[PDB]
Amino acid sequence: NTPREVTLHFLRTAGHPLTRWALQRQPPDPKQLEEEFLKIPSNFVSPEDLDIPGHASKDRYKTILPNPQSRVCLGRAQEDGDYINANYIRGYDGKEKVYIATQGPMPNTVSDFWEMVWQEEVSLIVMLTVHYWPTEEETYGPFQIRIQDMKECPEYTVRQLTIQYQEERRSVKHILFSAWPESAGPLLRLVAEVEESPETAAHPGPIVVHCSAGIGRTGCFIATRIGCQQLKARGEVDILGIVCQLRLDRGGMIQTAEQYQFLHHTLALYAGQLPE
């Protein structure tokens, strides 16, 4: 069949389930992990595959585009069009819309970003390190953002934000991770922080994860989170399966073989930290 059908079939059927024991004590070697990684099709959508007039000015990178089937479509709160460079990401056991993977907002897409936050009832943003939040109080399109409180920790800064439209006020938690690797300690504390975050919206909405392109460390964070959940619930993890599912939702998730290998290391560390 067509190269598109080959790609989808691979992403749908590939898998390498590993027991907790094999991950910790007898893992695939780095050579095997690299080759396994390089077999995974990227599932990048070409510009010709999107019929969305005027999207280009809203893309940070021309070749990193949101897959049509899972893209986040904006309503009508602002500016015309429904386009943001963002995809819905399935979570643990294929549960819909657990995450939104998005690019770092540009000055012309900051209103779009907050429109997505408001529309999707997002209560948590994870940034992995244009500032799209105020030092005190800014207005972005129809939205007023205000810092309620801010605590600096050694590994991340947590901002509690208020988003206002217009007599309605919502709380959004913002975590800026300033310890991206080297070491997986901080990353797992970030995941614990994410897990410990109370829900604050009317209905549970997706967690927004971004840095710059929304595919590299964004993919690593989400793969890690899902991997931990698999290990906690099942005592095993299918990392190849996780990465394949991520690429179905957003092209190019997890950029390098080193990131792939580091995913194995991070989950091995999580496994060793599980309750006795």
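The first residue of the sequence shown is number 1, and the count goes up from there.
K.L.:
Deposited residues absent from the coordinates between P142 and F143, none, 1 to 3, 4 to 9, or 10 or more?
P.N.:
Count of unmodelled residues in between: none.
K.L.:
Going by the PDB record, how many residues of the deposited sequence fall between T129 and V130 without any coordinates: none, 1 to 3, 4 to 9, or 10 or more?
P.N.:
In the deposited sequence, 4 to 9 residues between these two have no coordinates.
K.L.:
Higher average CA B factor in the deposited record is what I'm after, so tell me if that's 166 to 174 or 94 to 102.
P.N.:
According to the entry, 166 to 174 carries the higher average C-alpha B-factor.
K.L.:
Comparing average C-alpha B factors as deposited, tell me which of 182 to 190 and 196 to 204 sits higher.
P.N.:
Mean B over CA atoms: larger for 196 to 204.
K.L.:
From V117, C153, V72, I89, can you pick the one with the highest C-alpha B factor in the entry?
P.N.:
Most elevated C-alpha B-factor of the set, per the entry: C153.
K.L.:
Ranking the modelled residues of this chain by C-alpha B-factor as given in the entry, is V45 in the lowest, middle or highest third?
P.N.:
Its C-alpha B-factor belongs to the highest third of this chain's values.
K.L.:
Ranking the modelled residues of this chain by C-alpha B-factor as given in the entry, is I125 in the lowest, middle or highest third?
P.N.:
Ranked within chain, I125 CA B lands in the lowest tercile.
K.L.:
Comparing against every modelled residue in the chain, figure out the third that the C-alpha B-factor of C228 lands in (lowest, middle or highest).
P.N.:
Its C-alpha B-factor, which the entry lists for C228, ranks in the lowest third among residues of this chain.
K.L.:
Consider only the C-alpha atoms of the modelled residues in this chain, order them by B-factor as the entry records it, and name the third containing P66: lowest, middle or highest.
P.N.:
For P66, the deposited C-alpha B-factor lands in the middle third.
K.L.:
Considering every modelled residue of the chain and its Cα B-factor in the PDB entry, is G241 in the lowest, middle or highest third?
P.N.:
Lowest third, going by the recorded CA B-factors of the chain.
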